[PDB]
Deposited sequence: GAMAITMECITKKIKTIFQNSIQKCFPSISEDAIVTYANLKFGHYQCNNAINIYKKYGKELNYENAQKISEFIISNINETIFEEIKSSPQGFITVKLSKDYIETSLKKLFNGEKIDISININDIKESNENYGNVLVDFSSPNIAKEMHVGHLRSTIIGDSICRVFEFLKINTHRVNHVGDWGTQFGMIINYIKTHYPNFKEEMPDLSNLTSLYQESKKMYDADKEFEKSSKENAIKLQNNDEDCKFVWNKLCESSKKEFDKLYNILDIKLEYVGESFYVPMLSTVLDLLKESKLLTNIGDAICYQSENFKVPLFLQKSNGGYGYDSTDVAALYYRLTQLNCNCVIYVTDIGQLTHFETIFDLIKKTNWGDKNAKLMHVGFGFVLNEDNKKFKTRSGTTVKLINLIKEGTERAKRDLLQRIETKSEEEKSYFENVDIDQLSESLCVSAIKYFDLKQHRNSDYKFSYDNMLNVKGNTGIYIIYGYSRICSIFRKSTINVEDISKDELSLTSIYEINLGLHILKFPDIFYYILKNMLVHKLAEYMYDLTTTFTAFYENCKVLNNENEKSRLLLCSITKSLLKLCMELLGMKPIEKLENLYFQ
């Protein structure tokens, strides 16, 4: 129940206090990064900026002297080493004892419990009481595409991150269930199936009938907007069918989220517009009522020339709802990078209202293009993974469902290969690249995990007979593994700030290689520190499992 310290913030504070002591009347926020591992663990560069700003003034000959003054005002036993540099940055190494003691905190009684209090990775002014993540966003009667998939994967990872941090997290799918098409389609369904109400036609081929309707050809749309019994009946049937189709995909991915479509906001739109009209933030462009930001050229269109609802009214209403009715403290929109401006323009409007928490953190999480049915794409992947797997086995598994295992491997692989990319970057969808057991792949990560479990299956010692105090980091590799493990909170600290989850994938990858370096170099020692090594293996396993799960992967123990 004792939670990991955030080391970057700890060290940042130590340097901040030394800087303040050195230069009492200075405004200089300490910044802490990682050092080159060959030379240190962490690093602070503020002496360089202090020298550039005030250097000639305070009669210092160079930046290094400033860094030496800063060092002279630091007194910490947790630093094994602290050193300046000719450029003037400062590097530190954590002591063996700090790392060992910190690692020993990871044991709740006798089992490993990795936990992180969000209070320790944020500023105390920052509130994460209620977080909402808006992601996936398919459209009824349209095929889900690879962009939807990416949004689904990213969004689910972010949610899992907040759920790990024990945050009240709203998983919200803003489905397009109130669009243009519903007229056309609804026409066809009764221009071709009169007995619609008593017996509905086949909805198994909705995406086809969709164009069909587009080809053949509007009273039905306005009649739907006026809550006619039959049109609503048909609409509801369409939405239900498409949602079943979407749900097959979602639970193949093991991702749950709540349908809250455009339709959901329709009965409050006039209220929202009324509010905006009373706020006097809107203007007239043509016969339309819009919001013109000072900071963005393209206005939000909120009311049309007809008097009908503008195509930007739904997004504004949804944020109104999330802020005032769900009391959201953070709202995250996971979408194509090209919608960025749009959402920034929305945030700019919402910040000018009195709606909900004025300090609400509004975030756009953009993603690039991936360069056709999702479920068959994944089943193709499954076939490939199974092929590679059986081919590997060729050189007990008769008691394993190879199909489920293959699908798990594929799904995990897809998720990792996507999340390891910078979200804002485009990338090449390739089964060859993503299923390569040798590459930087989800498959690789998985086999690393199963190897680490294999160690515990094959050892003659019960890991649960070992007390935490066996732990002794005697090699540079055990030190390095310990360090990397204790860096885990830094990942969350930065994710909360920029939502770049590839940093987590990276972290995870590094965990595996660091671990490997441990193994390869300690595998030839005698039994004297064996128990401590096993303990390190146990912690590493726990952490790898957790990392995998946070990214939506499923650890497999035996392979």
property: Deposited-sequence stretches lacking C-alpha coordinates, listed in sequence order; result: 1 to 3, 221 to 230, 385 to 398, 423 to 429, 594 to 599
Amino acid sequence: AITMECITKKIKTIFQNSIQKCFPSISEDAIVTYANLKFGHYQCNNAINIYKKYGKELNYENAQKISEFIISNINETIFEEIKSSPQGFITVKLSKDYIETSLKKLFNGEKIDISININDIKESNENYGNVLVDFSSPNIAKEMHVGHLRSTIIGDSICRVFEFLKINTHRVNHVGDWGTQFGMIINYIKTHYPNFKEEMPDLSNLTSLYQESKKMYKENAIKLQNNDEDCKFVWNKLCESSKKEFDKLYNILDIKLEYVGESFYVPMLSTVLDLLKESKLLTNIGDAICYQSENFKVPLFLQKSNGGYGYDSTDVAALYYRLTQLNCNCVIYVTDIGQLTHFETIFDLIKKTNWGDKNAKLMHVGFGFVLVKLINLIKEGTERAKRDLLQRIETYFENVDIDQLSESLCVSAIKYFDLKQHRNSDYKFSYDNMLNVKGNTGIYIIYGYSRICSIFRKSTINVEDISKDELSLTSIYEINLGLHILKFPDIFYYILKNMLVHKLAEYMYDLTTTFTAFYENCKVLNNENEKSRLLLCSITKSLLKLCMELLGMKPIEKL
From here on, numbers count along this sequence of modelled residues.
property	result
400 to 408 set against 318 to 326, stretch whose average Cα temperature factor tops the other in the entry	400 to 408
Residue range whose averaged C-alpha B-factor is higher in the record, 421 to 429 or 307 to 315	421 to 429
Candidate set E528, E68, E506, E57 [ranked by C-alpha B-factor, highest]	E57
Criterion, highest CA B-factor; candidates, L106, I332, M200, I99	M200
Chain-relative CA temperature factor third for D348	middle
Ranked C-alpha temperature factor of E76 among modelled chain residues, by third	highest
Modelled-residue ranking by C-alpha temperature factor, third containing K497	middle
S293 CA temperature factor, ranked by third within the chain	middle
B-factor third for the C-alpha atom of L389 within its chain	highest
